[PDB]
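Heads up, the thing below is written out as structure tokens.
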Amino acid sequence: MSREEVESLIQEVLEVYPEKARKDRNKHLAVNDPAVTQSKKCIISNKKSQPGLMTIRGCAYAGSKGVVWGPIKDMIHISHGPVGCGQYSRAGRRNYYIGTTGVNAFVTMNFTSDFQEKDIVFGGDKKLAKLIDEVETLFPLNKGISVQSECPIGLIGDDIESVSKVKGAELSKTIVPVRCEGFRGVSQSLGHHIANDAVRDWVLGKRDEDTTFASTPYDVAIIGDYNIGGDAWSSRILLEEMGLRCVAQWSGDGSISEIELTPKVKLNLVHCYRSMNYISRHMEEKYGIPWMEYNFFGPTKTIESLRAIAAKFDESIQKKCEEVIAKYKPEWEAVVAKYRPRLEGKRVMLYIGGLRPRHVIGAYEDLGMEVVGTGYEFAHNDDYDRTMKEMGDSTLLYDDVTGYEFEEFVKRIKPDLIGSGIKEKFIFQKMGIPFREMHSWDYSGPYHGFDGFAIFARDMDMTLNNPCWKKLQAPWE
Amino acid sequence: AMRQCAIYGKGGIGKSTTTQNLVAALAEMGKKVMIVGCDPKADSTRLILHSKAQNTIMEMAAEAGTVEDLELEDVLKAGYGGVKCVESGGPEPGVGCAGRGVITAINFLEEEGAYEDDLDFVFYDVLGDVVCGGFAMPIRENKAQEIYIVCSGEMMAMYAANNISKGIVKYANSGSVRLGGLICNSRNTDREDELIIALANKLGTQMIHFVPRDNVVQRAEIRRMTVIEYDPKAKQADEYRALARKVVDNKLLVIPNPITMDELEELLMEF
Amino acid sequence: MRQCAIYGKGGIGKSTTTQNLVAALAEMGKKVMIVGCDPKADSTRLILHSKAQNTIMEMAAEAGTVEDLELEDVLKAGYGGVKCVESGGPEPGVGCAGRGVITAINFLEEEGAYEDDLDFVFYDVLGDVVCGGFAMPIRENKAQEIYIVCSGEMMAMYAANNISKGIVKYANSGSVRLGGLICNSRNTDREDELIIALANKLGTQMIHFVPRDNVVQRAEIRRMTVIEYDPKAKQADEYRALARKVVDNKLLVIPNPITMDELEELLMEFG
Amino acid sequence: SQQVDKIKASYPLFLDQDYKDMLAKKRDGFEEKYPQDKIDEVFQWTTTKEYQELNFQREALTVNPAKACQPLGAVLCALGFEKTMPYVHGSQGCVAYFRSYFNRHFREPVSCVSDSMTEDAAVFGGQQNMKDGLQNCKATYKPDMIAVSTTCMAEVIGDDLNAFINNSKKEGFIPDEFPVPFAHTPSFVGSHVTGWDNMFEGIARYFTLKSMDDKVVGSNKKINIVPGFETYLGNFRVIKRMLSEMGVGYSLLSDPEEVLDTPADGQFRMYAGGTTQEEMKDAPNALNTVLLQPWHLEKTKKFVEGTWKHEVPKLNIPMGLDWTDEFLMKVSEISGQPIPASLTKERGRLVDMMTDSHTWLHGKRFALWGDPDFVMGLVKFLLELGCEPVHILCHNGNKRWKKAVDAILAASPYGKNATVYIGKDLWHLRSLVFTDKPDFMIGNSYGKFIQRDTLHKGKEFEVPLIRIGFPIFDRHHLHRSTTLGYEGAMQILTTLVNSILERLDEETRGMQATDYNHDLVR
Ligand SMILES: Nc1ncnc2c1ncn2[C@@H]1O[C@H](COP(=O)(O)OP(=O)(O)OP(=O)(O)O)[C@@H](O)[C@H]1O
Ligand SMILES: Nc1ncnc2c1ncn2[C@@H]1O[C@H](COP(=O)(O)OP(=O)(O)O)[C@@H](O)[C@H]1O
Ligand code: ICS
Ligand code: CLF
Ligand code: SF4
Ligand SMILES: [Fe+3]
Ligand SMILES: [Mg+2]
Ligand SMILES: [Mg+2]
């Protein structure tokens, strides 16, 4: 569509809101212009959601527990508060790991205090101490405990800092108290920030004086990759095939030892800027470790990222990077030859959280498809700044989009594919538009790396060209 | 006639004591009055039951485990003149959430059934620092419809009364709860009576009774026996009977409207 | 930097006395900060010339979120260069003032209001203290010295010992200590001996005996503190002596809570 | 490496040699993992009985619970009414979690909204959030009614839902005649079934407490059915079909099957079917009200008896032979309509399927968990099949329900080795199935981890999971099955017998070792 038509569609969609809601939502919809380098002049981000408009955003408890701390496998994470949250967030995110669940790994488990009315009225400090004692009694092989605070804990002023400090000192254990109450902030981003602050204060500086770890000039840490079906492993195999040594993974398949060993690395490879930029900046300022953004979504982005990473080291690393690129070229070339004809010219609309709306555009372009509209759940203005460059002319940008807005935007655009979460999958499937879950990879994956590119292409081809989408109209209607 | 009332004001003016002697005076000539203690300090029923503490709702809820399996008679007891007594209770200071305790205790009383007998009065006692809806539950719907503010002649009492009148605007514009009157507990202040009637007409209301700063109350509190229990022939006994009469025959109740600050500034100049 | 917390009941004179104390302390050349944990916003009404100020939470709401609020918008100078802030909160009967004070204190800690260039920090808290939000000022990395303001009334003793029992848990867990008892005279019979006995049982030191008068009220009507309303009156000299002695105070002892039978005995030996 | 003609997903791609070598290198170099022998020792200890005593001595830690919070049930109850928008007063993360949960269980769109209450709303209150949210929801999604629930954050601070909604109506944010029922759903009390009960009671109060002056019992010659928290559309369908076959006028309140089974024909329907407002306004005129799941409909029962003056029958859930016949007989007595020949033929066919499968169903030891009414109905049905329950678990049960289940067990000789647990979680159940091993487990998708643990101990200690309950995430379209009535009994019996036969076939597939019992006919 033309630029004058996207604005008309935006106005027609906004016409249904009341005055306050319309005025607020007019600031969150924009027509892309890659020339503009400041996203503040076109879109407004990181504000509170309008009440009663069916937002897709989550809470700070999600952004901390289910995002940052949860993937850590050797730790035990306590959902301090009522049951719901832990139950709703149990095993819903596919942060893959290797370990014996119930013995030394606890990712898919749900530990909760299960607050009652008497806990609200009288407190939860004694109950928390008893819970820590029972956790240590029944799960002796855990390497740490984290306390994720749910809303009531923040409201009633339960002092989990002192309980954590006392129990950790007396039991010689690392107990990290996290104030990730849902009502804090507007979305999962503040949960990311709180979890990063907890990591900085209670975990990161534990080995500040230990010098037993021998460091090589090829030490790297993957920052912000959470192994959604093995993406972290796929990236790690490429990084290790380059001659680089990965010491830490944050936090998919990550261990507390990797977090402790991170300050000894020579370079931080940040995948998700939105979630771990604060900890990357803290490490850069305190230990002098530089950090850089890398993207392993599609062959072009992967090759560019490998070359940029190899540019940070000596000639042997560059030679190994060239060897890896040459080795992996025929496979992704064959994948393109197989799947691009079936996917050429197709239009894609995306609505994901903080990073993936701009990171996956490269793969779609590698497969011959174009992105006609992308959007962020909770991303800040810097993410949109990076997003304007990657998106073409006259493409719609939306922040904190509502179900109504997304429904009519899709109705007016008629995209060939929609990539969003589980809360819009069936809405758009019943509309006759192929849908792909861009958070869990539709229980497939991994999609990062050369190995993940083939799975990505196969999944897009099977979802887009399925015979079921041509059968939604009865022959007699 | 199922008259649900509540006492408001800031702490130290004497809301509790005032309602204890008020119910004691009421109980003389045949009232089935029940009092509810919404104070976590557990003193709103002290003199009537003649026992410092009893089985409060939250204590028994913690002992049993849940409110559903908690009996009504285990927490509700009768004392002088058949004054059925009950107290919400709560946590020790500095921990927990007392407003939630008040909420669950009031729900307990409402849903087991306590507003079933004659219940001439369902007097509620609240704390001065109403900082949440938990302590505003007594003035919710199907609850107290007549609020009395205990105040004296002094800047802090006027500030408390103004803030409380502001707080009884949100719950009154969407309900039937009104303001009955203002009760006076003297601080031994100069030409106070005229100042207090000036405040009463400033809010378009009337002052029910003026209670002097008598030293009998502090003597009755240490022996934890109300003035009616103390002796049926005292000066305060007759005064509290007058309070009882003017609180049972009350007919004036209007929606409070907040007033401006200039009067608070220049009240002392007028008086 | 010395961080102090003032506890007690409402209406005893917690705020009043604290404000004149810090005004006199600033007159001696001390950089002091008042953090008002009172949702009524009445803890800085005599140092700040602003009538109602621009509270932390009200501007947090006007700015959308607390993270969008800067320290300069809520931290304003008063008499003698006294830095002060107000936690703010809701109108009575709605919301949660404990979360308000918690958010205000976390905001102050986040942007470093304790710049290590000050001398004393005084927290003015709620009298009721019925939740952990108002017990936040007495946690770790917070106020270490607690001065309980008490009055001649026996419920002042009851609230003082209940507050001390509440303090006990934080004193055991952390390092907060009871400093002493500022006893505000209510013109009662030989109250000073009873307060001395209560301090001796608690093991603390009674601070001073600032009496009941009228020049404090006439200074309030002027809307400033006592000391700089008329630097001459005896009460100003007593407040300056209070500032000096809290400057040189060094006795910090954990409170020992007493039962109501014990308190009845203290009432017994001085009726 | 990937071959384009045969692409591998994570499994079995990460079973390749290069990925295995990199995993081992990472582990040994940086994971600082405990030695494998210590891990095996700890696992074996966790499978023992001393660990079971330690696990059952728990007092403050809950591991893998089997329950959710009240607003989930409140939303599920609100979804059953015509053009009704479930509104949750509180935080948006709760609504997101509810929608994800129901999307995963039902594979259907689930409409729910929130006022997105923040820290300032937690401190000053949620009056403005309520006003703006009601106005925006009505303007945007245009529902005929908004049902308000609560999150724990609002309940702790004591939000006055009645006053908030009344002020919203008074200031013009919503029309004064627009129906906005509300219910208090504290998440620290009860569970999701309690939330369903609270929401239904609130809606019933809203449409019927102020208009009882012109109501007479039996005026409309209908029977009200309250289904409770139900996640099987087949139950609603079978109840309606049975009552239509008996020729009995019925008003099923809170019927959500239409909105949870919308067709895919090119358009998105936010609302479909549901109980109408006229049906609930005319509810007191029915002859009687019947509760399908009475053990979590206590407040509803109290309100119905106190206000509608309906003598609610003391009926169990229509699960199994005896209870389905009791339900049908009570309905026939209330309405006067005799039980027709079709239901008799269905009962006879079900008894003939029981007779056919009794030789394989007898003596089987079962561990089960779920909702109180569902668990007790399953236990009863297992008792009529000759099976032996051993571990009965209900995280949201109380002492009275436990006493009822104990009486049911004592009424039968197959309940001799059966113990009932209330307040326990699935870690306790794992300890139980490791110490006292049953043949099979009946529960939701959370028991697959218990099956994994039992398999890790050994093939002879494996306890297979039979998926009957809520929520089921690892299987597709199981929410379309039936649990209540004769049809549900046939479905459950077929599932159980086929699970037993599948396990037997798996155990006897070894050639020249165990294939002597790989019989063609079973
Ligand atoms: N008429 C009176 N004259 C003198 N003293 C009185 C009189 N009435 C009550 N008192 C005394 O004044 C004090 C009142 O304190 P009380 O605890 O009753 O106040 P309150 O408003 O209930 O406080 P809070 O809300 O903090 O619990 C008590 O010592 C009481 O005995
Ligand atoms: N020493 C004193 N003599 C007489 N009145 C006093 C004295 N100190 C304080 N007051 C008065 O007591 C009242 C309550 O004091 P304030 O500090 O405002 O209450 P709170 O204890 O609730 O903070 C005020 O009107 C104040 O002027
Ligand atoms: S952490 Fe974030 S919503 Fe960066 S909360 Fe969310 S596993 Fe999304 S766009 Mo689900 S900021 Fe990760 C994300 Fe991106 S859970 Fe995953 S897919 S790259
Ligand atoms: S915004 Fe987030 S998910 Fe919501 S409560 Fe708060 S931390 Fe948790 Fe929890 S038990 Fe259920 S789901 Fe809530 S109502 Fe409470
Ligand atoms: S202010 Fe009220 S609601 Fe908030 S924590 Fe304190 S008692 Fe609870
Ligand atoms: Fe579907
Ligand atoms: Mg009182
Ligand atoms: Mg004060």
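Quick note on naming: the chains in the structure tokens go A, B, ... in the order shown, residues restart at 1 in each chain, and ligands are numbered from 1 in order of appearance.
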
Show me, as a list in words, the residues that have an atom within 6 Å of segment 483-495 of chain D when counting only C-alpha atoms, minus same-chain residues fewer than 6 positions from it.
residues 235, 318, 319, 320 and 324 of chain D

Taking N, CA and C atoms for each residue, export the selection above as a short mmCIF file (atom, residue, chain, number, x, y, z; two decimals), in the first residue's frame.
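Okay, result-v2.cif is ready:
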data_model
loop_
_atom_site.label_atom_id
_atom_site.label_comp_id
_atom_site.auth_asym_id
_atom_site.auth_seq_id
_atom_site.Cartn_x
_atom_site.Cartn_y
_atom_site.Cartn_z
N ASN D 235 -19.33 -32.77 28.03
CA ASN D 235 -20.21 -32.82 29.20
C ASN D 235 -21.44 -31.93 29.00
N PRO D 318 -23.00 -36.46 37.87
CA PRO D 318 -23.48 -37.56 37.01
C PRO D 318 -22.34 -38.31 36.34
N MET D 319 -21.53 -38.98 37.16
CA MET D 319 -20.42 -39.81 36.70
C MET D 319 -20.73 -41.26 37.01
N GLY D 320 -20.68 -42.11 35.99
CA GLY D 320 -20.84 -43.54 36.19
C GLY D 320 -22.28 -43.99 36.24
N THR D 324 -25.32 -41.56 37.42
CA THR D 324 -26.11 -41.14 36.27
C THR D 324 -27.57 -41.56 36.42
#

Proximal residues of chain C relative to chain B (only C-alpha atoms; 10 Å) as number ranges by chain
C: 9-13, 38-40, 89-98, 126-136, 138, 151, 153-156, 158-159, 162-167, 169-170, 217-218, 220-223, 260, 263-265, 267-268, 271

Residue neighbourhood residue 87 of chain D, 9 Å, only C-alpha atoms, exclusion window fewer than 5 positions, as number ranges by chain
A: 52; D: 75, 78, 95, 112-115, 133-134, 137, 146-150, 182

When you get a sec, could you note down which chain A residues fall within 7 Å of chain C, using only C-alpha atoms, as number ranges by chain?
A: 155-158

Go ahead and save the residues from that selection, with N, CA and C atoms, as a PDB file, in the first residue's frame.
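So the final result, stored in selection.pdb, reads:
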ATOM      1  N   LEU A 155       3.255  -5.769  48.005  1.00  0.00           N
ATOM      2  CA  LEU A 155       2.254  -4.929  48.659  1.00  0.00           C
ATOM      3  C   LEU A 155       2.416  -4.933  50.175  1.00  0.00           C
ATOM      4  N   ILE A 156       2.493  -6.121  50.785  1.00  0.00           N
ATOM      5  CA  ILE A 156       2.473  -6.218  52.245  1.00  0.00           C
ATOM      6  C   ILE A 156       3.828  -5.958  52.878  1.00  0.00           C
ATOM      7  N   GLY A 157       4.839  -5.616  52.088  1.00  0.00           N
ATOM      8  CA  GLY A 157       6.142  -5.282  52.634  1.00  0.00           C
ATOM      9  C   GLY A 157       6.867  -6.431  53.301  1.00  0.00           C
ATOM     10  N   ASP A 158       6.781  -7.630  52.733  1.00  0.00           N
ATOM     11  CA  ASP A 158       7.547  -8.752  53.255  1.00  0.00           C
ATOM     12  C   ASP A 158       9.029  -8.527  52.986  1.00  0.00           C
TER      13      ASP A 158
END

Define the interface residues of chain A facing chain B as those within 8 Å, counting only C-alpha atoms, and report them as number ranges by chain.
A: 117-124, 156-158

Taking only C-alpha atoms and all ligand atoms into account, report as a list in words which residues have an atom no farther than 6 Å from an atom of ligand 3.
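For ligand 3, the residues inside 6 Å are residues 63, 67, 226, 272, 274, 275, 352, 353, 354, 355, 356 and 439 of chain A.
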
Cut-off 10 Å, only C-alpha atoms and all ligand atoms, neighbours of ligand 6 as an NGL selection string
(:A and (425-427 or 429-430)) or (:D and (103-104 or 106-109 or 260-264 or 476-477))

Filtering to N, CA, C and O atoms, could you give me those residues as an mmCIF file, in the first residue's frame?
data_model
loop_
_atom_site.group_PDB
_atom_site.id
_atom_site.type_symbol
_atom_site.label_atom_id
_atom_site.label_comp_id
_atom_site.auth_asym_id
_atom_site.auth_seq_id
_atom_site.Cartn_x
_atom_site.Cartn_y
_atom_site.Cartn_z
ATOM 1 N N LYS A 425 -2.905 -16.713 17.761
ATOM 2 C CA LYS A 425 -2.766 -17.795 16.795
ATOM 3 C C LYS A 425 -4.119 -18.253 16.276
ATOM 4 O O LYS A 425 -4.347 -18.301 15.064
ATOM 5 N N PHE A 426 -5.036 -18.581 17.181
ATOM 6 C CA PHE A 426 -6.319 -19.130 16.767
ATOM 7 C C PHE A 426 -7.239 -18.052 16.215
ATOM 8 O O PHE A 426 -8.055 -18.332 15.328
ATOM 9 N N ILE A 427 -7.098 -16.818 16.705
ATOM 10 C CA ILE A 427 -7.849 -15.699 16.146
ATOM 11 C C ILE A 427 -7.542 -15.548 14.664
ATOM 12 O O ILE A 427 -8.448 -15.392 13.836
ATOM 13 N N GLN A 429 -5.966 -17.890 12.752
ATOM 14 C CA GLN A 429 -6.212 -19.141 12.044
ATOM 15 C C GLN A 429 -7.670 -19.257 11.622
ATOM 16 O O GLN A 429 -7.967 -19.741 10.524
ATOM 17 N N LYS A 430 -8.595 -18.826 12.483
ATOM 18 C CA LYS A 430 -10.006 -18.846 12.120
ATOM 19 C C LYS A 430 -10.352 -17.807 11.063
ATOM 20 O O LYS A 430 -11.439 -17.882 10.478
ATOM 21 N N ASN D 103 -5.810 -20.935 25.966
ATOM 22 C CA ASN D 103 -5.437 -21.175 24.579
ATOM 23 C C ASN D 103 -4.736 -22.516 24.426
ATOM 24 O O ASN D 103 -4.970 -23.241 23.454
ATOM 25 N N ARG D 104 -3.860 -22.859 25.371
ATOM 26 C CA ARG D 104 -3.149 -24.127 25.271
ATOM 27 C C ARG D 104 -4.076 -25.307 25.536
ATOM 28 O O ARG D 104 -3.950 -26.354 24.891
ATOM 29 N N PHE D 106 -7.578 -25.384 25.199
ATOM 30 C CA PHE D 106 -8.700 -25.472 24.274
ATOM 31 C C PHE D 106 -8.310 -25.281 22.817
ATOM 32 O O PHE D 106 -9.090 -25.657 21.934
ATOM 33 N N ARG D 107 -7.126 -24.740 22.547
ATOM 34 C CA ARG D 107 -6.690 -24.452 21.159
ATOM 35 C C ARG D 107 -7.762 -23.585 20.518
ATOM 36 O O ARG D 107 -8.092 -23.811 19.361
ATOM 37 N N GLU D 108 -8.256 -22.623 21.292
ATOM 38 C CA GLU D 108 -9.326 -21.724 20.844
ATOM 39 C C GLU D 108 -9.007 -20.321 21.298
ATOM 40 O O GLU D 108 -8.382 -20.180 22.342
ATOM 41 N N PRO D 109 -9.475 -19.287 20.585
ATOM 42 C CA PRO D 109 -9.319 -17.930 21.056
ATOM 43 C C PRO D 109 -10.088 -17.724 22.366
ATOM 44 O O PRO D 109 -11.181 -18.213 22.448
ATOM 45 N N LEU D 260 -16.217 -21.869 22.711
ATOM 46 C CA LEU D 260 -15.006 -22.675 22.738
ATOM 47 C C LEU D 260 -14.974 -23.724 21.634
ATOM 48 O O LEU D 260 -14.086 -24.580 21.632
ATOM 49 N N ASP D 261 -15.935 -23.695 20.713
ATOM 50 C CA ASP D 261 -15.934 -24.586 19.558
ATOM 51 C C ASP D 261 -16.376 -23.837 18.308
ATOM 52 O O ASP D 261 -17.164 -24.346 17.504
ATOM 53 N N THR D 262 -15.880 -22.617 18.132
ATOM 54 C CA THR D 262 -16.285 -21.813 16.988
ATOM 55 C C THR D 262 -15.739 -22.417 15.695
ATOM 56 O O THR D 262 -14.604 -22.901 15.664
ATOM 57 N N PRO D 263 -16.520 -22.408 14.618
ATOM 58 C CA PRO D 263 -16.038 -22.962 13.350
ATOM 59 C C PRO D 263 -15.000 -22.060 12.699
ATOM 60 O O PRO D 263 -14.927 -20.856 12.954
ATOM 61 N N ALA D 264 -14.185 -22.672 11.845
ATOM 62 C CA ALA D 264 -13.187 -21.959 11.049
ATOM 63 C C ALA D 264 -13.729 -21.829 9.630
ATOM 64 O O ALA D 264 -13.593 -22.746 8.816
ATOM 65 N N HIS D 476 -3.809 -33.328 21.461
ATOM 66 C CA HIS D 476 -4.680 -32.450 20.694
ATOM 67 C C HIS D 476 -6.124 -32.932 20.750
ATOM 68 O O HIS D 476 -6.396 -34.133 20.672
ATOM 69 N N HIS D 477 -7.044 -31.977 20.893
ATOM 70 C CA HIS D 477 -8.484 -32.190 20.755
ATOM 71 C C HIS D 477 -9.050 -33.153 21.793
ATOM 72 O O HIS D 477 -10.081 -33.789 21.553
#

Could you tell me which of A:258, A:170, A:383, A:370 comes closest to chain D if we count only C-alpha atoms?
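Closest candidate: A:258.
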
Which residue of D:405, D:126, D:4, D:224 approaches chain C most closely, using only C-alpha atoms
D:126

Name each residue within 6 Å of ligand 4, counting only C-alpha atoms and all ligand atoms, as number ranges by chain.
A: 59, 61, 82-85, 150-151, 181-183; D: 69, 91-94, 151-152, 187

Contact set, chain D to chain C: 10 Å, only C-alpha atoms, as JSON, numbers by chain:
{"D": [118, 119, 120, 121, 122, 123, 124, 125, 126, 127, 154, 156, 157, 158, 159, 160]}

Might you pull out every residue within 12 Å of residue 170 of chain D, with only C-alpha atoms counted and same-chain residues fewer than 5 positions away left off, and present them as a list in words?
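Near residue 170 of chain D, the qualifying residues are residues 170, 173, 174 and 175 of chain B; 131, 163, 164, 165, 175, 176, 177 and 178 of chain D.
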
File of the preceding selection, N, CA and C atoms, as a PDB file, in the first residue's frame:
ATOM      1  N   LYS B 170     -16.511   9.524  48.467  1.00  0.00           N
ATOM      2  CA  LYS B 170     -16.477   8.466  47.462  1.00  0.00           C
ATOM      3  C   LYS B 170     -17.479   7.362  47.779  1.00  0.00           C
ATOM      4  N   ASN B 173     -21.488   9.087  47.616  1.00  0.00           N
ATOM      5  CA  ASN B 173     -22.097   9.438  46.339  1.00  0.00           C
ATOM      6  C   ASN B 173     -22.593   8.216  45.577  1.00  0.00           C
ATOM      7  N   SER B 174     -22.150   7.020  45.957  1.00  0.00           N
ATOM      8  CA  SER B 174     -22.567   5.773  45.328  1.00  0.00           C
ATOM      9  C   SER B 174     -23.080   4.795  46.375  1.00  0.00           C
ATOM     10  N   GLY B 175     -23.800   5.305  47.365  1.00  0.00           N
ATOM     11  CA  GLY B 175     -24.320   4.452  48.413  1.00  0.00           C
ATOM     12  C   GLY B 175     -25.261   5.212  49.319  1.00  0.00           C
TER      13      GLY B 175
ATOM     14  N   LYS D 131     -13.002   2.915  35.711  1.00  0.00           N
ATOM     15  CA  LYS D 131     -13.825   3.752  34.840  1.00  0.00           C
ATOM     16  C   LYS D 131     -13.345   3.677  33.395  1.00  0.00           C
ATOM     17  N   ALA D 163     -18.683  -0.074  44.759  1.00  0.00           N
ATOM     18  CA  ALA D 163     -18.597   1.382  44.727  1.00  0.00           C
ATOM     19  C   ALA D 163     -17.934   1.868  43.445  1.00  0.00           C
ATOM     20  N   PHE D 164     -16.892   1.167  42.990  1.00  0.00           N
ATOM     21  CA  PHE D 164     -16.207   1.573  41.768  1.00  0.00           C
ATOM     22  C   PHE D 164     -17.139   1.502  40.564  1.00  0.00           C
ATOM     23  N   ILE D 165     -17.900   0.413  40.441  1.00  0.00           N
ATOM     24  CA  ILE D 165     -18.812   0.270  39.310  1.00  0.00           C
ATOM     25  C   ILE D 165     -19.956   1.273  39.413  1.00  0.00           C
ATOM     26  N   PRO D 175     -23.392   3.245  30.428  1.00  0.00           N
ATOM     27  CA  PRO D 175     -24.825   3.459  30.651  1.00  0.00           C
ATOM     28  C   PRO D 175     -25.264   2.863  31.979  1.00  0.00           C
ATOM     29  N   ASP D 176     -26.256   3.508  32.598  1.00  0.00           N
ATOM     30  CA  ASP D 176     -26.720   3.067  33.909  1.00  0.00           C
ATOM     31  C   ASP D 176     -27.398   1.705  33.841  1.00  0.00           C
ATOM     32  N   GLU D 177     -28.005   1.368  32.707  1.00  0.00           N
ATOM     33  CA  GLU D 177     -28.704   0.101  32.540  1.00  0.00           C
ATOM     34  C   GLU D 177     -27.809  -1.015  32.020  1.00  0.00           C
ATOM     35  N   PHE D 178     -26.547  -0.727  31.725  1.00  0.00           N
ATOM     36  CA  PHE D 178     -25.652  -1.753  31.201  1.00  0.00           C
ATOM     37  C   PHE D 178     -25.282  -2.730  32.311  1.00  0.00           C
TER      38      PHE D 178
END

Would you please work out which residue, of D:449, D:295, D:440, D:516, is nearest to chain A when using only C-alpha atoms?
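Among the listed residues, D:449 lies closest to chain A.
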
Of the residues A:306, A:178, A:468, A:138, which is the one nearest to chain D, using only C-alpha atoms?
A:138

For the interface of chain B with ligand 7 (cut-off 7 Å, counting only C-alpha atoms and all ligand atoms), please tabulate each contacting residue of chain B alongside its nearest pair of atoms and their separation in Å to one decimal, rows sorted by chain and increasing number, as a Markdown table.
| residue | atom | partner | partner_atom_place_in_ligand_line | distance |
| --- | --- | --- | --- | --- |
| B:11 | CA | ligand 7 | 1 (Mg) | 6.4 |
| B:14 | CA | ligand 7 | 1 (Mg) | 6.8 |
| B:15 | CA | ligand 7 | 1 (Mg) | 5.3 |
| B:16 | CA | ligand 7 | 1 (Mg) | 4.1 |
| B:39 | CA | ligand 7 | 1 (Mg) | 6.3 |
| B:43 | CA | ligand 7 | 1 (Mg) | 6.9 |
| B:44 | CA | ligand 7 | 1 (Mg) | 6.0 |
| B:125 | CA | ligand 7 | 1 (Mg) | 6.5 |
| B:126 | CA | ligand 7 | 1 (Mg) | 6.2 |
| B:127 | CA | ligand 7 | 1 (Mg) | 5.3 |

Please produce a file of those selected residues containing C-alpha atoms, as a PDB file, in the first residue's frame.
ATOM      1  CA  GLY B  11      -6.242   8.010  67.448  1.00  0.00           C
ATOM      2  CA  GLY B  14     -10.768   8.485  72.357  1.00  0.00           C
ATOM      3  CA  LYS B  15     -12.906   6.714  69.761  1.00  0.00           C
ATOM      4  CA  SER B  16     -12.733   3.309  71.457  1.00  0.00           C
ATOM      5  CA  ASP B  39      -8.515  -2.383  65.444  1.00  0.00           C
ATOM      6  CA  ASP B  43      -8.842  -3.160  72.495  1.00  0.00           C
ATOM      7  CA  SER B  44     -12.227  -2.214  70.971  1.00  0.00           C
ATOM      8  CA  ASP B 125     -14.865   0.747  65.820  1.00  0.00           C
ATOM      9  CA  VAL B 126     -12.108   1.746  63.391  1.00  0.00           C
ATOM     10  CA  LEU B 127      -8.589   3.105  63.752  1.00  0.00           C
TER      11      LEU B 127
END

Show me, as a list in words, the residues that have an atom within 6 Å of residue 124 of chain C when counting only C-alpha atoms, minus same-chain residues fewer than 3 positions from it.
residues 6, 36 and 37 of chain C

Output for the residues just chosen: N, CA and C atoms as a PDB file, in the first residue's frame:
ATOM      1  N   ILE C   6      11.374   8.141  63.912  1.00  0.00           N
ATOM      2  CA  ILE C   6      10.511   8.605  64.994  1.00  0.00           C
ATOM      3  C   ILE C   6       9.222   7.800  64.943  1.00  0.00           C
ATOM      4  N   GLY C  36       9.061  12.158  54.895  1.00  0.00           N
ATOM      5  CA  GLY C  36       7.758  12.006  55.507  1.00  0.00           C
ATOM      6  C   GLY C  36       7.019  10.763  55.063  1.00  0.00           C
ATOM      7  N   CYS C  37       7.025   9.730  55.903  1.00  0.00           N
ATOM      8  CA  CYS C  37       6.280   8.508  55.636  1.00  0.00           C
ATOM      9  C   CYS C  37       4.814   8.622  56.028  1.00  0.00           C
TER      10      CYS C  37
END

Distance atom CA of residue 414 of chain A-atom CA of residue 187 of chain A, one decimal place?
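Computing it gives 29.0 Å between the two atoms.
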